[PDB]
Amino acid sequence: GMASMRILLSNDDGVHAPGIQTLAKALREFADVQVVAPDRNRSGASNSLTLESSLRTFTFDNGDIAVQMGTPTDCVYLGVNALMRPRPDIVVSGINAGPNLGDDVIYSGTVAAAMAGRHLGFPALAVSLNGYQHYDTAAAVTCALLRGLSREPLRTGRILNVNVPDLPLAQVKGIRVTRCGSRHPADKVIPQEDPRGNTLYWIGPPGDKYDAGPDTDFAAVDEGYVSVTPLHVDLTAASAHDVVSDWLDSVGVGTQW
């Protein structure tokens, strides 16, 4: 093998998470792996980053780095820019306990850390397990993808979102390239009074599946396939361009006539 793969490994659940430790161990059988991940398991970071403050890092004995109060984006950013020299070949984010599917992906810290590694020599991988049990399955799927990538370059697509059925490896049917499904709007709030009678509010669960058709990430994982969706960060909705332009003309906004 002419060259070792050098991986920057991060996650949404922090350095202590079973998912990131299991992955790290499996990748280290063939690759050099630097962990740079949050100091703890926080929920709901998405792609936020810390701009109002500087960040502290801590290095463990095994060389793992925790960024203190770091988001997953902050971790990949420091890792790519300042803490690994030279820069990593690729960012791998995972294994996340829990699926990152459909229109949820924009809110996922696991996806966020991969999107921060989109400009490296390989497409970044975000790896989520549809459950909490078969980390070994997700780790073997990840190793298989990475072997694929060093065998033949993937030409287009800077981020792959990978969702792994929570199944023993022998039961996973295969791998499908998918698009993101969608959900109905989330609408539940759960109010709870504090001891003084003040109402506080919890964000409720996601809305029901809407677009879960045959070509979606939801469908593939349901049928026991690995789902691979390529993602990009361009939010432009190009199909709306003519409608919006026509509308502006019609209501006279930006025209005198």
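Heads up: residue numbers just count along the shown sequence, starting at 1.
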>> If you take the mean CA temperature factor per stretch, which one wins between 5 to 13 and 240 to 248?
In response: 240 to 248
> Where do the C-alpha atoms have the higher mean temperature factor in this entry, in 72 to 80 or in 146 to 154?
Replying inline: 146 to 154
> Per the PDB entry, which option out of 165, 121, 117, 109 has the greatest Cα B factor?
Replying inline: 165
> Say you rank 230, 44, 38, 205 by Cα B-factor from the PDB entry; which sits at the top?
Replying inline: 205
> By the record's CA B-factor, is residue 88 among the lowest, middle or highest third of residues in the chain?
Replying inline: lowest
> residue 219: which third of its chain by C-alpha temperature factor?
Replying inline: highest
> residue 94's Cα B-factor: lowest, middle or highest third of the chain?
Replying inline: lowest
> Compared with the other modelled residues in the chain, in which third is the CA B-factor of residue 200?
Replying inline: lowest
> Lowest, middle or highest third: where is residue 170 by C-alpha B factor in its chain?
Replying inline: highest
